[PDB]
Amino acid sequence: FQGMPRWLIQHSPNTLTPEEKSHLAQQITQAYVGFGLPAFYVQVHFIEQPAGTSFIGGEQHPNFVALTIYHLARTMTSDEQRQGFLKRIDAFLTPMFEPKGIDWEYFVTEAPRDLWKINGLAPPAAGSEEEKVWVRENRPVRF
């Protein structure tokens, strides 16, 4: 896997504790770290939707999580990669949400590779020597 993952997680009040949010973000992060990404690429942001602000099927829902996942274009081109990705994220989303009766939905949207920068730097190529330096330092390194 290469490129940015940015997750936005909107949810009802009294649905995820601060500890569950941290746990979820860290399982998301682990998944990408396992694909070889520098961990600091992974951003997960939660937004609690006050009651009155969220509608599913036209009605307020008190127990939902809506995830939007932003990737870069052509980062998971094969059916095998895409299927593997869904397996890997279901492995931590399902066991968190199902015991809570949570209804959840995710989808992945893809963005052009060449318009992404971190601290004003275009990140290095997957597998490159420069990426190993970024991983080691866990920060954007200027060369």
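Note that residue numbering begins at 1 and tracks the sequence as displayed.
When the mean C-alpha temperature factors of 93-101 and 58-66 are read from the deposited coordinates, 93-101 comes out higher.
Relative to its counterpart among 83-91 and 31-39, 31-39 has the higher mean temperature factor, C-alpha atoms as listed in the PDB entry. The deposited CA B-factor of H23 belongs to the middle third of values across its chain.
Among the modelled residues of its chain, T75 has a C-alpha B-factor that falls in the highest third according to the deposited record. The deposited CA B-factor of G120 belongs to the middle third of values across its chain. Per the PDB record, residue ranking by Cα B-factor puts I9 in the lowest third of the chain. Sorting the modelled residues of the chain by their CA temperature factor places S128 in the highest third.
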